[PDB]
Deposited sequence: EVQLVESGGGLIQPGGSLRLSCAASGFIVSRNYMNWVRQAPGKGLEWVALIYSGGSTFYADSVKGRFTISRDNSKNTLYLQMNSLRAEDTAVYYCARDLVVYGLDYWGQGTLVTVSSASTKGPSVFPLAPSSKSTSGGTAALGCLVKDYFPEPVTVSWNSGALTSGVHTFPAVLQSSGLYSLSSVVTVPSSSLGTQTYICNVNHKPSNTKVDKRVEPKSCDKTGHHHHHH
């Protein structure tokens, strides 16, 4: 029941500024070594910043002078202030608790930071209706959004077997698009409702789409 919960990521114009937060439970951040690590899309892990319980801070060369790591003891929270953001800073940012000789044992879930001049756009959601007593397929088409990410679930999380949510594809328009599909028994098409729950945090778009035969 140790958890680190990150927030503050999203879309930011080049040269803009952004503050990430990491809210911890199960340990006291002011008593620990803490790191930010980042992962560019499709690439490896890059260490970013480190704060000591005694208060000393250290930084990767690639962020020196632009980033500041700090903490708030009362809120048990770790911060990453990022100024003068450039395209090469686009990454998922993780906070982690550091037992230096014992490795990085707990990590947040990651928050994606996209540094781009493009506008944010919420998706349109369209049903992929089941065709016409074996195994049916149905789905949701999540179309034309920016930036990543979207989250998709089925029946408010109650349906997970046979779900496939595909990695998004960038379209020549510069907008993302993806599908999420599920296979169910044909005999349940008239008797069970199917709703895909689509959330696009950067546009605060929330959509529940019923997918009827």
**OP:** In sequence order, name the stretches of the deposited sequence that have no C-alpha in these coordinates.
**Re:** 133 to 136, 218 to 230
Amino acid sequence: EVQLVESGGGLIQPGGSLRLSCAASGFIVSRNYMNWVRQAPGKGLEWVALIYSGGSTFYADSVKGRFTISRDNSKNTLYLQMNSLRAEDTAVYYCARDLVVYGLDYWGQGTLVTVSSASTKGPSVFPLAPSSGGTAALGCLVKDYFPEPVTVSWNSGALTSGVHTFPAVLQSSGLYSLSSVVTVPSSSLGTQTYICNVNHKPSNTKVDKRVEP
From here on, numbers count along this sequence of modelled residues.
Subject >> Deposited CA B-factor, highest of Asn32, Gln39, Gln171, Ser180 >> reply: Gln171
**OP:** Would you mind ranking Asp98 by its C-alpha B-factor against the rest of the chain and naming the third, lowest, middle or highest?
**Re:** lowest
Original post:
Against its chain's modelled residues, does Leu159's Cα B factor rank lowest, middle or highest third?
Top reply: middle
Original post:
If you rank the chain by CA B-factor, which third does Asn204 end up in: lowest, middle or highest?
Top reply: highest
**OP:** Check where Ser62 lands among this chain's C-alpha B-factors and tell me if it's the lowest, middle or highest third.
**Re:** highest
Original post:
Lowest, middle or highest third: where is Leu175 by Cα B-factor in its chain?
Top reply: highest
